[PDB]
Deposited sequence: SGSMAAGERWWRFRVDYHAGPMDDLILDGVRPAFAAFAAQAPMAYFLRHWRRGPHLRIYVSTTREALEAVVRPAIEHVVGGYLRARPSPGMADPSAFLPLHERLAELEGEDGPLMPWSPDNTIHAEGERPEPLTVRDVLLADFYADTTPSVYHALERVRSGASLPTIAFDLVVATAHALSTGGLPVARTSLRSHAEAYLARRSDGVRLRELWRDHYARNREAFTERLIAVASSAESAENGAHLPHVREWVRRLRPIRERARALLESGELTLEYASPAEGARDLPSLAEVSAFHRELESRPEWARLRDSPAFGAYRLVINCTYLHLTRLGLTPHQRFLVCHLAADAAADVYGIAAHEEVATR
């Protein structure tokens, strides 16, 4: 009936693993009794995972709170985080992140490493955007798993970032990639604009695109061919995302959300930003996100600029 929250600290250890070899099996255990659950990386009081599960109180105490305490808590004992030498070194970054993200909690002392912590239920009344979001995560948790397996299997993470954010653009937009590429470039540009060495960075990203042009131009052609049917995750992600698009279109045709025209470039804008929120879930840093969008747009230029 409610959303229950857990905090897993895992400061200096690979989160990719905690997810595939701890949280995924914990979730898989109470899937019968509580199939609605999702997890999110966060930074406050130490790098960590926050788990959010939708069940009744005593279903929590009987099958969910043990699965987590035991499966996940097991992993923690198997492969502990070494810890972070100085938590205070991150303090001025985090104090900034606090005010910047609106994060209201204490920042020091750090919460104990390799530890689970029940954090009760989430505030009480939720907005309607909060709960389309919650649904998006849950609905996509398989694709989180699908992708983190291949990353650990040797595959470049930014390349999945690429294909996803490209294919989202060619599929779930009003007019395909020849139109939606603007939004890609717009995304990178909002970043670059705020960097002091924005210009030397644009030169780096343009030099890099130049050297490896045939590479990006081939792969864009492929991600686009396959977003509209020889690649797996693409039409997995595409088919997985269409229902949130047209649900979102309905949920603005009625009008409950653009506090932060709208059935077109308003639905798609929601789908694409979830495709970004997903990338954060896969561990991709902001800098590589922007870097990947910039490469797409440039790539988009050489292929769809000639029409």
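Participant: According to the record, which stretches of the deposited sequence lack C-alpha coordinates?
Facilitator: In sequence order, the gaps with no modelled C-alpha are 1-7, 237-241, 273-306, 354-361.
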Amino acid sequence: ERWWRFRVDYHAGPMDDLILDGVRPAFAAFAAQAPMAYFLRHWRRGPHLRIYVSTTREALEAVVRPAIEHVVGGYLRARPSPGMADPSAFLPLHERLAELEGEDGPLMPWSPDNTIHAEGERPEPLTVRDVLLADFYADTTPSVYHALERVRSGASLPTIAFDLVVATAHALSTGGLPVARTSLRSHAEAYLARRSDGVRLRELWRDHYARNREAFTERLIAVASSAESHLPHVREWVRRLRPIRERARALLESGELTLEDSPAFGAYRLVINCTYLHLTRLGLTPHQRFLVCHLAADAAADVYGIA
From here on, numbers count along this sequence of modelled residues.
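Participant: Between 151-159 and 190-198, which has the larger average Cα B-factor in the PDB entry?
Facilitator: Going by the record's values, the stretch with the higher mean is 151-159.
Participant: Between 167-175 and 95-103, point out the one with the higher average CA B-factor as the PDB entry records it.
Facilitator: For C-alpha atoms only, the mean B-factor is higher in 167-175.
Participant: Report the option among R181, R129, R206, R79 whose CA atom has the maximum B-factor in the deposited record.
Facilitator: Checking the PDB record, the top C-alpha B-factor among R181, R129, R206, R79 is at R129.
Participant: At the C-alpha atoms, which of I51, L282, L252, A29 reaches the highest B-factor in this entry?
Facilitator: In the PDB entry, the greatest C-alpha B-factor among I51, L282, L252, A29 is found at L252.
Participant: Based on the deposited C-alpha B factors for this chain, I'd like to know if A227 is in the lowest, middle or highest third.
Facilitator: According to the entry, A227 has a C-alpha B-factor in the chain's highest third.
Participant: Can you work out whether the C-alpha temperature factor of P125 puts it in the lowest, middle or highest third of the chain?
Facilitator: Its C-alpha B-factor belongs to the highest third of this chain's values.
Participant: Sorting the chain's CA B-factors, does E119 end up in the lowest, middle or highest third?
Facilitator: Highest third - that is where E119 ends up once the chain's C-alpha B-factors are sorted.
Participant: Considering only modelled residues of the same chain, in which third does the CA B-factor of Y137 rank: lowest, middle or highest?
Facilitator: CA B-factor rank for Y137: middle third.
Participant: Comparing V72 with the other modelled residues of its chain, is its CA B-factor in the lowest, middle or highest third?
Facilitator: For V72, the deposited C-alpha B-factor lands in the middle third.
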